[PDB]
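Chains as they are written, first to last, in the authors' numbering: chain 3, 1 to 46; chain T, 1 to 99; chain U, 1 to 102; chain Z, 1 to 70.
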Amino acid sequence: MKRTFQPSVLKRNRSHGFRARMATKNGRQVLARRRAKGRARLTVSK
Amino acid sequence: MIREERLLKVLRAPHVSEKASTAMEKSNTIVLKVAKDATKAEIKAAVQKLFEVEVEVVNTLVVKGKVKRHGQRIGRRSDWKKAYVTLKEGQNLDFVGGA
Amino acid sequence: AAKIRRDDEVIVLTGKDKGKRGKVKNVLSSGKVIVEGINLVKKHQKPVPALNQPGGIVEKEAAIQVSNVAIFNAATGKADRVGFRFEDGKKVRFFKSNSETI
Amino acid sequence: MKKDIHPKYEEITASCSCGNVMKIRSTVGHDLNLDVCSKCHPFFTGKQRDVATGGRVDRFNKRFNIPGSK
RNA sequence: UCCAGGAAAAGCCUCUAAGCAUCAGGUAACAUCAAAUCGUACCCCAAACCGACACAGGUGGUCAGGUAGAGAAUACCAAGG
RNA sequence: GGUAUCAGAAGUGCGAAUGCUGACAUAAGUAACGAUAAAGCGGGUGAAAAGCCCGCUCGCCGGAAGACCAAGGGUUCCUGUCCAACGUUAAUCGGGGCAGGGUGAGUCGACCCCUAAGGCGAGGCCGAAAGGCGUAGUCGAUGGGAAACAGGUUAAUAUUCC
RNA sequence: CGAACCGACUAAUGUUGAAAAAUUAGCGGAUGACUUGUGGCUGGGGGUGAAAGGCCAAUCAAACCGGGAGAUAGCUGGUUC
RNA sequence: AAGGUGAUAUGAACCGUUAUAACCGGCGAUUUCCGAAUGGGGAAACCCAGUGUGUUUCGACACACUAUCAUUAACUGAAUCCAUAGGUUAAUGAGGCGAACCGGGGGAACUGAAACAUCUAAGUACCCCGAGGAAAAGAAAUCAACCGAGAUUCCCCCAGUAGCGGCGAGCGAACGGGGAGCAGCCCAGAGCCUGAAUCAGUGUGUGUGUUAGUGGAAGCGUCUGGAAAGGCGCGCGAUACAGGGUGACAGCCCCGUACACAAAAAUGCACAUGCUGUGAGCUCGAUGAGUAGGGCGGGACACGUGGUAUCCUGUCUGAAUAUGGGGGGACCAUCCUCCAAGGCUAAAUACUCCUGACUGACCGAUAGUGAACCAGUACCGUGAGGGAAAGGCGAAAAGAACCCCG
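Now the structure itself:
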């Protein structure tokens, strides 16, 4: 049956992940702790 | 002219693909591994000053590479930009070097 | 570092052949000393899948450390650890502790 | 929050009861405005007590020669 | 016809303001130049997507042949698979 | 490469903690090989064919088990090749490996004008700081704005090429 | 009344499944408090709830992730020549 | 400086040997798109405009500028004469990252008390702001005890003392002593004199460090062995026998090594300088009011209101003003000591993202970093986030031509 996922790029920004991270103290914090702390190749947006 | 742009190197490399020689009716066209961003107009003019041929129209597109290759397992794409561009009839390859 | 340039006629040291002649060589800055007196008969397959499947079982190199009989003029070795002066502008190679530049 | 002329407050504290409450206390002072300047006329500062009484022994002018200068 | 009384903004048409004031603009006819840049392959009720699987599950829209039939049921068939 | 000796210092001695990691057993060559729409034969190729290519039968679906597109995927498309691993077997075959080739637009779509829900938000109002709210305004389709068809053709493109 | 579509009353099978809730035969609604695509808004003592403590990503009498953290464990186990 | 075109792989095509080929160090030139991202927008690396430009076969290409705040400048400018509010332009400047130490605003709970409210954990965790190379504090309204010491800071003592505390658990000083370090100064204002010491930013120089480097000693023989650095004989260097490397363990084979030299340029700190600003020095003055106290509520002082001094305060009051005012642990007298309501300040002290040299009765692939290896990778998750496995042929590729089964 409906397994909890259902992808949709557009629905992957302000609603979640993507570049929206650059709009909030914590949001932008995530990037630091993520990239810097333990260099991540990261990928977020595709 | 309004050569002011990048007419310097908008075009480059043929293709000698299967499409080659098979794509010649009323008008031989071309391929050229044209730069990723040369637009159509610039292409039309590129073959104007150089090649000294008469271009009717241009088309072009993109074609993407893709492949895994790495010290273990990564590898990636490559990217291009094809470009047919038509010429005419009354003017053949003339003095030149096909290849 | 090595200074030993091409055509530099040295002699074999350390072991194996030893006491052999050999000159020129093909050493390079941080590279390798072919010389002439270091090489056992080896082999090549037919790498080139082509008409000319060859081989190469004859001649080759035997690296070996730059630590070979220093150039040597009279007897053997004779370290070149000395520096000339006021000659050339680039270099000023000297020579064995016997005489002076050579 | 303001009481501009004087600092302000809004510092926290714990409001104990009979022995002890590990609760928190805070926001104080108040506000008001519309202060007539002998010069042209009133800009409404939101001072409070200890701020209002200050504009008295003092000025109205020097009491403002700072919220401008600095 | 009914009660539960059924987006918005732009394009579009039109009216004038400031301004223009033999000008520019407007309408029509045709002549010509321009229309850039990305996407386009293939899967798509599935072996290319969501389910760890070449998983009897899940997934929105479109098309809608013959005989029979109330019929997008159902049975046998076209094209096709 | 090691280290009598006497002395010195310990990540100092495993059989168990449903201990942690790895390797190998056992059951056992057992169950199972994924819809009960079953397939037969003659050729071809090949080391070998029940399964691949060709052919004739046979059966199954057909409001679909057909065709097209969106979402999502991201070369899976076509050609040549090769069969280790992957295919719940064999495999000469494949959505597998390695090569190449392959998606051509003024009219289709996105950009782009327009705005919905909602988001953001000069200045502004609030609020210990972070920050919340919001005026102008600016974004935001799932909605409104302009224009192409029918034949043909490629191994694979197509209201794009002729 | 009955297909699509939506839902789940019964029985069998499955229970190291085809499947971490389905398949088969029946079953209820099917112009409505209907059903569905796309996107948006509510955040954890908080949300949403035709109410069952139900749902909030196979997690819910207080989500997941990281931290205080080697919480505490008068209990169980284990403790090497 | 004789080589050289980074690596996994040569190879091709080449550049070089004298002195502009490499290669190393300094200063530059360039430096797409995104990202504070700054012309506007945007699902990050894409989309769209305005206004200027050059070459222009003179439509264009790209280029360049145009975010927002703050300070100042000038110009414009409402209701309302004025004046402001607002607007435009321009020059400066900020904005974001950043490991820890540091100042500050906000601030738990598990836990302990063998329960639990006071109390503890702990002002710790955490979150937020800010700044430096250190920050902070700092020249007595300090302490002492009738003797005197003399800013702050950090170290050892005093002491687990005094004291605080359901006087439970637990919290826990100081006077005073031994040291590291060691300096004090400005405005609260006029006059005389008058650019004088003192700092700050800057151009310069010298010392001495940082960024490339240069020279740098002295061994033959024979034995065993594939190979000698090893055995044995003799011989030499040593301000060098640290170490590494070389076909088994080398002072004398190579790199180094002690020692001794070295910098166009670029910068750290020092001293010195010039420029700009600052303002010395003498005299005579002035001497930090919504403040000190205090009533209520709290927080901080080792001190849980206690008899509780003292510090900061939310809230409400409110003085003397140097023959005056604070303090000396309730409070009063006496005596002593010190001037609060304004500010600046080196050092000793703290920390490690990073730099070079060096060390280790530290590990040696289940260890040691999660990672000795294309690891924060593969994977796993909507995501935040979690997070691997994985070293060794040989001295030399000499990595096995060729033949045979298939």
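Where is the CB? At the ideal position from N, CA and C, for every residue including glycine.
Beta-carbon gap between residue i and residue j smaller than 8 Å
i, j, result
"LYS33 (chain T)", "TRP80 (chain T)", "yes"
"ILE71 (chain U)", "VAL12 (chain U)", "no"
"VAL57 (chain Z)", "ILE5 (chain Z)", "no"
"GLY19 (chain Z)", "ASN33 (chain Z)", "no"
"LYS2 (chain Z)", "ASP31 (chain Z)", "yes"
"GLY29 (chain Z)", "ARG49 (chain Z)", "yes"
"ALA63 (chain U)", "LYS32 (chain U)", "yes"
"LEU87 (chain T)", "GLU56 (chain T)", "yes"
"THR60 (chain T)", "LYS82 (chain T)", "yes"
"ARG77 (chain T)", "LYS64 (chain T)", "yes"
Whole-angstrom distance between residue j and residue i, CA atom to CA atom
i, j, result
"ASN13 (chain 3)", "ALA23 (chain 3)", "11 Å"
"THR76 (chain U)", "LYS46 (chain U)", "42 Å"
"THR13 (chain Z)", "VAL36 (chain Z)", "36 Å"
"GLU61 (chain U)", "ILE34 (chain U)", "5 Å"
"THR29 (chain T)", "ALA23 (chain T)", "7 Å"
"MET1 (chain 3)", "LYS11 (chain 3)", "22 Å"
"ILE2 (chain T)", "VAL58 (chain T)", "19 Å"
"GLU18 (chain T)", "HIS44 (chain U)", "39 Å"
"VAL48 (chain U)", "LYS66 (chain T)", "29 Å"
"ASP80 (chain U)", "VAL66 (chain U)", "13 Å"
"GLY83 (chain U)", "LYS91 (chain U)", "9 Å"
"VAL62 (chain T)", "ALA20 (chain 3)", "30 Å"
"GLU4 (chain T)", "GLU42 (chain T)", "10 Å"
"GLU100 (chain U)", "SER29 (chain U)", "24 Å"
"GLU54 (chain T)", "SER27 (chain T)", "11 Å"
"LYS25 (chain 3)", "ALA36 (chain 3)", "16 Å"
"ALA99 (chain T)", "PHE51 (chain T)", "14 Å"
"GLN6 (chain 3)", "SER45 (chain 3)", "17 Å"
"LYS40 (chain T)", "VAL16 (chain T)", "21 Å"
"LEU40 (chain U)", "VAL27 (chain U)", "18 Å"
"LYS9 (chain T)", "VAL85 (chain T)", "16 Å"
"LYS20 (chain U)", "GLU36 (chain U)", "9 Å"
"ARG85 (chain U)", "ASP7 (chain U)", "23 Å"
"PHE18 (chain 3)", "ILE66 (chain Z)", "47 Å"
"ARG28 (chain 3)", "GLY89 (chain U)", "59 Å"
"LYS16 (chain U)", "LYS25 (chain U)", "17 Å"
"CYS40 (chain Z)", "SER69 (chain Z)", "18 Å"
"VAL9 (chain 3)", "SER15 (chain 3)", "10 Å"
"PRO14 (chain T)", "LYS68 (chain T)", "26 Å"
"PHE94 (chain U)", "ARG5 (chain U)", "13 Å"
"residue 183 (chain T)", "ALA38 (chain T)", "Chain T is shown from 1 up to 99; residue 183 (chain T) falls before or after that span and cannot be answered."
Proximal residues to residue i (C-beta, below 6 Å), its chain only, five neighbours per side dropped
i, result
"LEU11 (chain T)", "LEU32, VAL34, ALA46"
"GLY56 (chain U)", "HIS44"
Own chain, CB closer than 7 Å to residue i, minus 5 neighbours either side, in chain order
i, result
"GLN53 (chain U)", "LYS46"
"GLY54 (chain Z)", "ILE5, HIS6, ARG63"
"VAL69 (chain U)", "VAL10, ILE11, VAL12, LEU13, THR76, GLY77"
Sheet register partners of residue i (DSSP bridge)
i, result
"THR13 (chain Z)", "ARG25 (chain Z)"
"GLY83 (chain U)", "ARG93 (chain U)"
"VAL69 (chain U)", "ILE11 (chain U)"
"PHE43 (chain Z)", "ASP35 (chain Z)"
Cut-off 8 Å between Cβ atoms - residues of its own chain near residue i, not counting five sequence neighbours on either side
i, result
"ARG34 (chain 3)", "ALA40, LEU42"
"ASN92 (chain T)", "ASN28"
"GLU11 (chain Z)", "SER26"
"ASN98 (chain U)", "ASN73, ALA74, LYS78"
"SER15 (chain Z)", "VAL21, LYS23, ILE24, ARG25"
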